[PDB]
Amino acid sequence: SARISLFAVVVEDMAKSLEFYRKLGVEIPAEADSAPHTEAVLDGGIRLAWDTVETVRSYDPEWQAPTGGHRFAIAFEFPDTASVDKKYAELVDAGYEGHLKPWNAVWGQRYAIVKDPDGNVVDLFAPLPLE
């Protein structure tokens, strides 16, 4: 039986994408900026990977950047409301797109949304245990 081993995102610029994720706590060496493909190991073993458009086209020649609504989102968990809000402001202050400012979501979590350098949706959240 199969098991999910890795998740990957296609990036226009490796260095630019990597710096955004480093800002979200993902451990990535600076040296990876010059790589056509980068992988980071998440807690538990699953990997998050980045492949440049050229790398993708090496085996998937007809690949074209999609237009329209996002097909997915990557959600990061924080310990509390303070850390979520602080990170949102930090990312926006760093030049990244703040899509939806922090709010208390009906499902019981402090929630916020930003976009990565490639325009992908990234959620920031923390539980609201008092609810």
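All residue numbers refer to positions in the sequence shown, first residue = 1.
The stretch with the higher mean CA B factor, choosing between 59-67 and 29-37, is 59-67. Of the two segments examined, 45-53 and 93-101, it is 93-101 that shows the higher average Cα temperature factor in the deposited entry. Among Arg110, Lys23, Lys115, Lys16, the highest C-alpha B-factor in the deposited entry belongs to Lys23.
The deposited CA B-factor of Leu128 belongs to the middle third of values across its chain.
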